[PDB]
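Okay, so here's just one chain, in structure tokens, the form deposited in one PDB entry.
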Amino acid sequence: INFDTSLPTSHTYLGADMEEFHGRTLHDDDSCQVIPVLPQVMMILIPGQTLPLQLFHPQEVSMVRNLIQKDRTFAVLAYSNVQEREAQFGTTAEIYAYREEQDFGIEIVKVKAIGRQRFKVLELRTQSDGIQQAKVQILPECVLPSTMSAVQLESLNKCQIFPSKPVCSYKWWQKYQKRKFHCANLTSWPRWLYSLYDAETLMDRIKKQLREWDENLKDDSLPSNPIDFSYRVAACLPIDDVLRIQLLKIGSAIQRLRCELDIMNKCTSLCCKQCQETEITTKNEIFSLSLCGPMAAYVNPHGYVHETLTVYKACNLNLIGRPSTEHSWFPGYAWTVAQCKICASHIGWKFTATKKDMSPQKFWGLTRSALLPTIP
């Protein structure tokens, strides 16, 4: 069948009953705010992305339980400059789903949170017992008006709006370019130059590569905003840790859009990070079983966050146990552990179907921090 892809976005392995939140808090741009830091979380969070949590420690439990009273936002430092708990930037995460558990005398808190705003770290103080605060300044977002708004002819304003986009396509975009950038003869640069800095034309060029991975992609499943599109594209690119802080340092979507277009025509073969020479997959086998793209952050029974990438095929692995259907990330499949057949490192899992006629009958899921995106 089809495997409703809204399933993995809900994180039903954590549970079903959770308190939910609606009220919102956004701080002003370029103001200084003091926000607590959640320890032991080692990951780069982008605005709009989802991060699931499972907490056990008494300091991590008493903090999140006083976030719930005040504004529900903590701070996620990238931590990935290199290491050593020193970062220059990070993202605020706001809590929206909250569940409080109990075990053999131990308090467990389950939380779902979403990334909100980027900031730059100013001061980092370890206060009281194990909770690091952070002075922070909110980085602004820049919305650039279109290039031809400055030189538009007043008598040509009426003909700006075009008829609705048709559901062939080669003709419409040429007609789109000729009319929108008509007032390019009043300047020194040709028509095709202003299309290289056009928000629409840059979002459309990236689309013509995302739908090639898995071919049930629809427009309404993908943002029409330049900002939300760029942030959501940044969160599914199988790129190194270095490039992520590079995309988070850009304050304009257009440069983020242009940068993503260059990171997409270079990375082909993903290899074992420890061996650096053994091939696991390529970019031909990537596909999206979730509404959030081919890559999302999941959580462990013990609290170990993994960002998993789904692929059709993988090679150079061997199988350890037997399929285990409990606490599966993709409902309807059982996972058996996969390890690099030459260094026995933990690469990922293999998912097999439960119902004997499902969308695929098998696929592999690979953790981000175990693969080296190399160059063939």
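Take the two forms, find the largest set of C-alpha atoms that superpose within 1.5 Å, and that set is the rigid core. Sequential numbering from 1, following the sequence displayed.
Unshown form deposited in another entry; subsequent notes refer to it.
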| item | value |
| --- | --- |
| CA of residue 101, rigid core aligned, shift of 2 Å or more between this form and the one not shown | no |
| Core-superposed comparison between this form and the one not shown, residue 28 Cα displacement 2 Å or beyond | no |
| Residue 207 and residue 367, C-alpha gap in that other deposited form relative to this structure (3 Å or more) | closer |
